[PDB]
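Take the position in the first sequence, starting the count at 1, then add 751; the result is the number in the deposited numbering. Each residue gets a CB set at the ideal place from its N, CA and C atoms; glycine is no exception.
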Amino acid sequence: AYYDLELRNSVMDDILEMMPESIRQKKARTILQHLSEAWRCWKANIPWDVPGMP
RNA sequence: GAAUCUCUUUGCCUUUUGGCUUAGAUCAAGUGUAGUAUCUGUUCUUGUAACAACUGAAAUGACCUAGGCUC
């Protein structure tokens with residue numbers, strides 16, 4: 752669980768580093784959700800392709 | 001030209017979500033397993049007369065400085 756949390760944090764940090772945002776807290780949650788979805792897809796062996804994802 | 005108000009579109013907006021794990025597990029089972037705790041009614045519970053004695057209690061309020069008499 753701890754490891755997962757750490758990973759999530761790292762990902763969030765990376766995303767923050769990446770580009771400018773206004774009211775980023777809200778977006779953080781979304782990012783986390785996306786990450787989770789991706790992980791799930793990987794587990795399943797579904798390709799995680801989302802069109803809006805830059 | 002300037003002040004303001006009303007409506008529509010674009011931008012900005014929760015055109016929708018704050019974790020992880022074996023999709024967390026299962027849509028099944030004479031269950032097994034461990035523990036923790038005590039109950040039924042039926043009964044006990046002298047009169048009459050005379051003499052000696054008192055005629056009356058309690059409540060709160062009216063006087064005086066808890067106490068003392070009167071109503």
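Counting along the chain, the unbroken alpha helix (DSSP H) around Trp793 starts and ends at 775-795. Considering only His785, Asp765, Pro771, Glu772, the residue with the shortest C-alpha distance to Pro802 is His785.
Restricting attention to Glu757, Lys778, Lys794, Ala795, the CA atom closest to the CA of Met804 is found in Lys778.
Taking a contact to require three or more Cβ pairs closer than 8 Å, the segment 761-779 and the segment 792-801 do not qualify as touching.
Excluding residues up to 5 positions away in sequence, nothing lies with its Cβ nearer than 8 Å to the Cβ of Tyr754 in the same chain.
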